[PDB]
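Notes follow once the structure below has been shown.
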Amino acid sequence: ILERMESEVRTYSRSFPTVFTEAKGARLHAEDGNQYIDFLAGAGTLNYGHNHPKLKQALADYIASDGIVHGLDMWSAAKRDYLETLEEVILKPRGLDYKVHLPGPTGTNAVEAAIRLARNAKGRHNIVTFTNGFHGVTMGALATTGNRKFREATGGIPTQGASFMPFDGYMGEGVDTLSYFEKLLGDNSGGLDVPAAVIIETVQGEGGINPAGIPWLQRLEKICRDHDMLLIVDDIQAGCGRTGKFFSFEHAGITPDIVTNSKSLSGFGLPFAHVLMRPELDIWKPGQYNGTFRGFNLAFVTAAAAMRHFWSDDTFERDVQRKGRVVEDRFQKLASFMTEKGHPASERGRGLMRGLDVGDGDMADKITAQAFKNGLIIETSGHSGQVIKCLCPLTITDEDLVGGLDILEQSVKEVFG
Amino acid sequence: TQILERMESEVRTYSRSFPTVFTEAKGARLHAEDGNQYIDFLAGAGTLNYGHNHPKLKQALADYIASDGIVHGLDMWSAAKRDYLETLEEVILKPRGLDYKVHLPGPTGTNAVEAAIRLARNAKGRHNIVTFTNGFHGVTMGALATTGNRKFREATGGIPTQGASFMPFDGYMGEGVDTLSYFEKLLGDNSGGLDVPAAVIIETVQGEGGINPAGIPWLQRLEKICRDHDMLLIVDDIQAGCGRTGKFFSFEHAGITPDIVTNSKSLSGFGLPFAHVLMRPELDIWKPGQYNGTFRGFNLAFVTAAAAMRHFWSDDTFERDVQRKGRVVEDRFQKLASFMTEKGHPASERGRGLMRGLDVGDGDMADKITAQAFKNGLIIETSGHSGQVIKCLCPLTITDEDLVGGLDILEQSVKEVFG
Amino acid sequence: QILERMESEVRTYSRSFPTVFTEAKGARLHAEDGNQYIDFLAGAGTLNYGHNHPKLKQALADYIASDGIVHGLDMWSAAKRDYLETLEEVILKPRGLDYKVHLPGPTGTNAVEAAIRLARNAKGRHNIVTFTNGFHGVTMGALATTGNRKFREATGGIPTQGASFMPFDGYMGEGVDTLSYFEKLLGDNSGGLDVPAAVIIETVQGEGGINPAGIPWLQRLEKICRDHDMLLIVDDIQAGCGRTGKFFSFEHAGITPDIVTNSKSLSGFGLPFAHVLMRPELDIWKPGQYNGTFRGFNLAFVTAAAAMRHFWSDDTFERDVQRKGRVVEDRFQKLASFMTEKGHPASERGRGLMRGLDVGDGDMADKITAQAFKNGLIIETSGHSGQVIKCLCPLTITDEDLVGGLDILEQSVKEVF
Amino acid sequence: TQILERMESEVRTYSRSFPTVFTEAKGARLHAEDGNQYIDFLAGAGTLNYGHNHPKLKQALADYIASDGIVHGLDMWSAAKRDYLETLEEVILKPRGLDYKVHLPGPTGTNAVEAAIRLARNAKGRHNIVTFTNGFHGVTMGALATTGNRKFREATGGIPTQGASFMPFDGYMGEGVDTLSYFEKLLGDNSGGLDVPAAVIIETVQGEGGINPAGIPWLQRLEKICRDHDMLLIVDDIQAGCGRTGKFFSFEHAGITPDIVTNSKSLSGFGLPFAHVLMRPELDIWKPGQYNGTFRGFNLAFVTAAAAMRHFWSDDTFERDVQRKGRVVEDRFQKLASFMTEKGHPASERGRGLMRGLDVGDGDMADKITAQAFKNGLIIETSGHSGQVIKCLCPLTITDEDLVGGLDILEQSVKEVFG
Ligand SMILES: *Cc1c(COP(=O)(O)O)cnc(C)c1O
Ligand SMILES: *Cc1c(COP(=O)(O)O)cnc(C)c1O
Ligand SMILES: *Cc1c(COP(=O)(O)O)cnc(C)c1O
Ligand SMILES: *Cc1c(COP(=O)(O)O)cnc(C)c1O
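Chains as they are written, first to last, in the authors' numbering: chain A, 5 to 421; chain B, 3 to 421; chain D, 4 to 420; chain C, 3 to 421.
Put into structure tokens, the structure is as follows:
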């Protein structure tokens with residue numbers, strides 16, 4: 005543990021300062037024997053847990069057979085199979101018609117390829133983004149990202165090409181934030197340049213687990229159709245079954261014009277990403293956008309295996325909704341306890357993307373560091389880090405689930421004397 | 003092929019010039035479902051400097067998967083990351099006299115350039131970044147300001163890039179004109195148009211730009227210009243690094259020490275997505291969490307990358323073998339260039355190590371040669387601004403047999419097109 | 004004529020007022036056609052003392068006769084020293100305003116450009132907060148704070164940068180406080196608002212459609228600005244120089260901005276002219292970071308210093324503007340009364356002699372405005388739709404002409420019906 | 003008289019260079035309250051090309067005021083507006099055979115440059131604008147992107163400019179080097195770094211930049227380069243216009259006809275803010291109202307501008323008179339320059355017409371001579387990337403007595419400063 009070598013732009017080796025060894029399911033091991041229940045799961049990257057056996061076999065068998073790893077754009081059997089499976093298993097049973105673009109294997113890369121697409125498809129530079137939205141930190145993505153910490157660090161380069169509307173609930177309760185947006189769309193001097201696209205998370209991740217209301221989602225969708233705006237849904241953290249459906253926008257029965265995916269798309273933790281799009285929007289011309297690792301064949305293999313093993317029927321999906329309910333129940337209890345001790349707290353979320361909003365980052369950091377000492381890995385989000393996220397693996401055993409929540413509850417109580 | 007055509011976006015390029023379905027890959031040979039077989043002179047655009055699926059790297063990767071090691075470490079500390087950083091220091095940096103620290107952005111070349119220039123801009127409190135004619139450093143909006151190609155910059159959707167100034171690269175202004183004198187003057191000039199730059203980003207041998215090797219005197223002078231004016235020197239070694247030029251770091255040929263180095267492509271050794279930024283230790287200006295990205299701790303790349311460094315770079319045998327093979331290509335590329343000129347069609351050769359280029363006149367003759375080579379079983383791509391430089395990006399590990407075999411297919415293919 | 008071929012097709016006031024004008028005095032203009040016209044436009048608030056006021060004419064002609072320097076660059080002239088002393092003795096010191104003067108170029112866009120540049124340098128922040136419907140000029144920098152879409156889309160491929168829009172008072176509806184949304188974003192790390200160096204506002208929005216800000220609203224903004232370390236920039240280019248019944252339109256609320264821009268009626272004679280008022284501590288400029296050739300335009304110095312002494316040496320002018328404003332309000336009300344009881348709803352707004360009749364649509368206001376020109380009244384519109392007919396008559400206007408002008412618009416409205 | 007120091011911002015620049023109170027001015031002589039009298043070789047940085055308060059224009063102005071003529075016309079047609087478009091077409095454009103229409107922006111040179119490059123971007127549908135080293139074209143944000151001076155560009159408060167690329171101006175790259183070749187190469191290089199411009203903006207003699215006169219060949223090649231690659235030519239005649247170079251338009255020396263022309267400084271002849279944009283009629287892309295400017299119809303400027311075209315440009319007498327005085331200025335400057343060169347301080351004369359410059363070593367010598375000249379009765383300032391160039395910008399109408407008079411104070415001041 006003498007890593008003087010890594011930069012000072014670290015995050016997770018200051019919060020959880022140990023050397024991790026092996027991993028399976030939701031259990032992680034460290035060099036000193038210690039074992040941890042994982043409610044972080046790589047920030048929503050391990051929706052199927054660490055090193056799932058069916059994925060681990062598919063990947064290994066492919067490596068053993070000397071399947072090409074680095075394909076760039078080239079057709080390969082893995083790529084063909086991936087697109088086959090995604091259309092057969094996911095897209096068609098949900099009535100969705102999309103073509104796939106593969107950009108660089110990162111969320112920010114998908115986001116940059118989606119907004120650039122939208123900009124070219126409509127002839128307009130402006131992207132409407134939402135309060136507390138996170139979408140990545142590359143200069144292009146960064147324009148849609150609201151966090152001052154990232155934005156103040158560019159080095160003298162103001163972002164451009166993006167306008168912020170208030171997300172659902174930002175002005176109170178009941179207050180329609182979309183009506184302000186509707187008025188700005190119709191006001192020539194309002195200050196809102198006509199957007200090529202609205203970009204939205206259905207449940208805001210880094211922004212503090214803020215799940216958009218279904219009627220709100222549906223009205224935004226009609227607002228877009230009525231105003232020649234593509235709806236980009238960023239399903240990079242909320243998707244791949246995290247909110248209890250495969251795509252988080254299923255709950256509202258909307259069909260977004262463009263969808264980005266990344267984190268758990270590969271199932272194993274392999275860097276992977278893509279951008280679904282309605283066919284007619286495929287206005288790209290050959291080679292206008294690229295990225296060395298746009299053809300990561302190993303990610304193709306584990307993604308196909310994950311779709312076939314988990315999304316062939318509704319069983320898994322319905323088991324996430326059910327696991328969500330228990331996390332929801334035990335977070336509400338925790339907010340009740342905190343509230344009655346005179347520290348206001350509340351619960352929100354959707355599926356297994358759930359949040360315990362304590363007062364302030366100082367309280368959340370106490371509850372979190374204590375849970376780490378007690379054997380649970382859980383982390384924060386929100387503008388202040390005041391929301392304790394459940395981002396556990398969707399596959400988590402019931403013992404490991406109730407086992408992690410117990411450790412959380414014990415840690416809250418220990419913090420509260 | 004009917005699922006791949008109907009469902010993949012039309013932005014694709016490599017499935018267009020190579021319209022077959024690849025399956026197995028080993029060394030410098032690729033297989034297709036139709037029974038065709040290919041010698042790979044493209045190596046994923048220099049991403050597979052050790053060939054496809056190298057035995058030694060494959061076994062290290064499979065062991066790690068079998069033992070259930072953590073794949074996605076986020077940013078936490080793992081044994082794979084320790085072994086990577088220590089291997090990096092002992093095998094690579096220390097014997098080269100290099101004192102750097104390591105920062106891990108997204109597993110992407112653009113992502114590394116973006117962090118690199120963002121770090122330079124905070125270090126110096128200046129926003130402008132000086133770049134050179136024909137440089138490519140990525141397509142995400144931050145990097146694109148330093149990337150020269152109009153086909154990308156015109157597809158931004160109406161956002162003009164911001165933050166970069168373009169300087170004439172070595173040789174751009176004819177022979178025997180030192181382009182750095184122009185640059186040196188603009189720096190001293192209050193109304194000359196150059197916002198004072200935090201950093202200069204450069205490829206020692208330009209990739210997409212047409213295989214342009216900057217001369218050793220030129221590079222050394224640019225290093226001194228950078229110190230004489232408080233500018234950081236960023237060397238983008240994403241393509242020209244990891245052995246491609248005959249030394250690990252391409253800038254070793256000129257004995258300069260940059261302040262910031264970007265690496266990607268061949269860093270993993272296996273075709274796993276990976277990148278790091280190297281900084282002089284004082285430059286560690288970042289505050290915690292100012293930059294991130296989800297696939298930083300990609301541990302599988304830590305294993306393959308550590309494995310490649312110890313296996314190929316624990317001594318200088320491999321180094322010198324690249325040097326010798328680079329010379330084989332230089333010879334056959336020159337001879338090929340003579341053939342083409344003397345048939346009324348001018349051509350030249352340039353490059354360094356196994357980063358070589360055969361400059362035919364125009365992008366249409368080079369397409370004819372490149373496509374003919376594809377029908378004869380050679381995978382070879384063009385670079386340059388018109389598409390006129392046939393580049394050798396064959397694996398550094400290629401066997402003499404497959405190297406001469408690949409160059410044999412090229413020459414036949416060139417003679418074939420002249421008919 | 005030669006006025007149709009030689010003149011570029013940008014022109015605005017030569018498709019609505021296509022006669023050739025000759026002699027001009029008070030609120031009366033004479034055409035070549037020989038007809039007279041009553042001017043309820045006053046150069047859109049540039050001629051707050053009417054065309055060619057006798058006192059100013061004389062001070063001007065006397066100055067040209069002695070051969071006083073006309074163009075002094077930056078030089079100290081006697082006319083420059085006089086303007087500063089008069090503004091000091093007659094305007095600033097009696098209101099207890101402590102202000103330095105910076106003279107930019109003689110456009111109004113040039114003053115806003117110098118005001119926001121000053122604010123950014125003072126506060127070390129690039130972002131400027133602007134309001135829905137505001138208008139502050141169309142050069143590329145001032146253009147970033149202007150709301151109008153017809154200007155921002157005509158930049159030819161360059162998006163604006165360094166400005167964010169907040170809802171102006173009332174924009175979100177009845178008895179909703181739009182500054183509560185603004186205060187929340189300031190405290191929200193990721194609400195998407197880069198921390199402003201400055202707010203820039205018109206107390207009554209000119210082009211936006213004659214939108215008077217509430218006095219408590221203005222008072223709360225000033226509170227928010229000091230509490231959050233932001234300069235308050237009041238753009239009094241149109242609503243200034245006694246247009247709202249006080250010399251500074253912010254005098255109604257008792258606040259004191261940090262930076263005040265003036266231009267239109269500053270000369271008092273149609274001379275191009277503008278300045279930036281700034282609290283002394285904010286004088287962060289280094290010698291010569293902002294030039295502009297017609298800096299020291301001594302002809303305007305003469306006419307602006309004469310107008311101040313003549314009209315603003317006491318209370319009388321002030322109060323007769325307030326009275327004339329109440330006349331206009333009584334008729335605009337009676338006219339919105341008429342129009343509504345015929346199924347065409349309308350309303351009156353304003354403050355002082357900056358009032359507007361808000362008829363329903365732009366195309367209806369266009370009939371009335373065009374019809375008024377047929378009956379001998381020049382009157383133009385503003386608003387996002389062109390919705391609002393504005394009263395921007397001179398403040399010196401005689402009661403015969405002010406009544407005469409309103410009788411023409413009253414008739415011209417009836418004819419439209 | 004110390005309230006001009008208290009009530010005014012410290013942004014002032016010509017308040018510190020000449021700290022007296024000026025009262026009455028006529029011709030090239032300015033009176034002070036101190037009763038001191040000054041010869042003006044500055045004239046509003048070239049804004050009084052017919053001297054201070056020319057009597058003929060003074061009369062035309064006085065009579066329009068006396069008649070209660072409309073001063074602020076916005077955009078409405080008026081007498082004084084029609085007469086200005088008439089006399090411009092009749093006395094100026096047609097005799098020179100030029101087909102131009104007029105946009106009236108706000109009455110500043112920045113506002114003119116902004117309208118022109120904004121218009122150019124709309125006509126060609128491209129955002130980039132090529133400008134040249136040491137170019138100066140205004141300090142509002144849009145014109146600022148084309149301006150070279152760091153001192154203004156560092157003062158924007160964290161906002162980098164956007165939409166402009168810099169090319170080396172004629173002679174920048176040394177003795178006998180055609181900088182335009184570099185330009186043409188970048189125009190055809192897909193990844194050279196230049197976004198394909200909508201237009202090129204240039205001063206035929208660079209004003210603020212240090213009196214750099216582009217050559218006639220060079221200007222003619224740049225016209226050909228623009229017409230070939232589909233680029234408008236804007237010529238920025240704010241300072242070098244209205245006769246200063248020997249011709250009404252400084253581009254007459256080269257016979258080229260630009261697609262866009264900007265005028266402001268001396269355009270009204272009387273020191274009144276005023277500016278127009280000259281375009282070819284087919285370039286009137288504008289839709290109604292897309293560009294604003296309150297003080298566009300400033301009719302008092304129409305009056306004096308027309309009166310000055312009639313009184314000064316009806317024959318070619320005046321225009322050759324200035325060409326004559328340019329040579330007596332040119333002569334003495336070379337004398338003064340050979341003097342300092344022989345006293346061990348190299349210097350040089352350059353210019354064209356009555357835009358002339360004496361280039362000394364540095365700004366500190368410039369400032370010493372400039373300051374001495376003020377004590378001896380001559381108002382003269384500098385320009386250049388360091389203010390190393392003592393610029394002559396006396397009125398074109400200066401009498402021979404005052405022109406040799408001013409030239410004599412300058413010579414006296416240089417020898418005093420030396421020995
Ligand atoms: C390959 C290339 C890049 C691009 O990096 P990506 O991973 O493709 O985004 C950057 N720099 C150089 C020198 C390159 O050749
Ligand atoms: C995780 C997150 C990202 C981050 O993308 P990277 O792969 O880390 O660059 C982007 N968008 C959303 C919605 C996210 O939750
Ligand atoms: C008129 C207007 C401007 C623009 O001033 P110009 O002289 O036209 O450049 C600026 N601010 C306000 C409030 C305006 O009404
Ligand atoms: C003087 C100058 C300008 C500045 O115009 P202003 O009148 O100061 O607004 C613009 N372009 C050129 C070439 C100049 O010489």
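Note that the Cβ used here is the ideal one computed from N, Cα and C, for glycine as well.
C/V263 and C/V279: beta carbons closer than 9 Å? Yes, they are a contact pair.
Only counting the same chain, and skipping five residues up and downstream in sequence, which positions put a Cβ closer than 7 Å to that of B/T142? Counting only Cβ-Cβ distances below 7 Å, and skipping sequence neighbours, we find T112 and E116.
Here's the rule I'm using: 16 or more other beta-carbon atoms within 10 Å means buried, otherwise exposed. How should A/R128 be labelled? Burial call: buried.
For a test of the three-state rule: what should DSSP assign to D/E26, helix, strand or coil? It is a strand residue.
Within the continuous alpha helix (DSSP H) that includes A/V419, where are the two ends? Annotation: the continuous alpha helix (DSSP H) that includes A/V419 extends over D402 to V419.
Cβ-based burial, C/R326 [other Cβ within 10 Å; buried from 16]: Classification for C/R326: exposed.
Pair every Cβ in the segment 188 to 201 of chain A with every Cβ in the segment 142 to 154 of chain D, then say whether three or more of these pairs are closer than 8 Å. Between the segment 188 to 201 of chain A and the segment 142 to 154 of chain D, the count of Cβ pairs shorter than 8 Å is three or higher; the stretches touch.
Specify, as a first and last residue, the run of the beta strand (DSSP E) that D/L76 falls within. Neither: D/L76 is in no beta strand (DSSP E) and is coded neither H nor E.
Using a Cβ-Cβ cut-off of 9 Å, state whether D/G71 counts as contacting chain C. Among the CB atoms of chain C, one or more fall inside 9 Å of the CB of D/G71.
Here's the rule I'm using: 16 or more other beta-carbon atoms within 10 Å means buried, otherwise exposed. How should A/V416 be labelled? The residue is buried, with at least 16 neighbouring Cβ atoms inside 10 Å.
Please tell me whether, using a cut-off of 8 Å, the distance from the CB of B/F24 to the nearest non-hydrogen atom of ligand 1 is below it. Ligand 1 has no heavy atom closer than 8 Å to the beta-carbon of B/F24.
Opposite B/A349 in the DSSP bridges: which residues? The secondary-structure analysis by DSSP pairs B/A349 across a beta bridge with B/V362.
Nearest to A/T110 by alpha carbon, out of B/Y86, B/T49, B/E383 and B/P275? With distances taken between Cα atoms, A/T110 lies closest to B/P275.
Any chain C beta carbon closer than 9 Å to B/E156: At least one chain C Cβ lies under 9 Å of B/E156.
Given this structure, state the Cα-to-Cα distance separating B/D230 from B/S183, to the nearest angstrom. When rounded, the separation of the alpha-carbon atoms in B/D230 and B/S183 is 14 Å.
Pop quiz: D/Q164 and A/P162 are said to be a contact at Cβ under 8 Å. What is the actual Cβ separation, rounded to whole angstroms? Sure, about 5 Å apart at Cβ, within 8 Å.
Minimum C-alpha distance to C/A200 - residue among C/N124, C/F320 and C/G160: The shortest Cα separation from C/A200 among C/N124, C/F320 and C/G160 belongs to C/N124.
Can you say whether D/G140 is buried or exposed, counting buried as having 16 or more other CB atoms within 10 angstroms of its CB? Buried is the call here.
Cβ of B/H74 less than 9 Å from any chain A Cβ? Judged by the 9 Å Cβ criterion, B/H74 is in contact with chain A.
Please list, in chain order, the chain D residues whose beta carbon lies closer than 9 Å to that of B/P162. Correct list: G160, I161 and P162.
Does the beta-carbon distance from A/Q208 to A/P215 come in below 9 Å? Yes, Cβ-Cβ distance for A/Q208 and A/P215 is below 9 Å.
Taking only the alpha-carbon atoms, compute the straight-line gap between C/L44 and C/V391 and give it to the nearest angstrom. If you take the alpha carbons of C/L44 and C/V391, they lie about 13 Å apart.
So is B/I213 in contact with chain A if we call contact Cβ pairs under 9 Å? By this cut-off, B/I213 is not an interface position.
Taking Cβ to Cβ, would you say D/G159 is nearer than 9 Å to C/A122? With respect to the 9 Å criterion, D/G159 and C/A122 are classified as neighbours on the basis of their beta carbons.
Cβ-heavy atom distance, A/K267 to ligand 2, below 8 Å: True, at least one ligand heavy atom lies under 8 Å from that Cβ.
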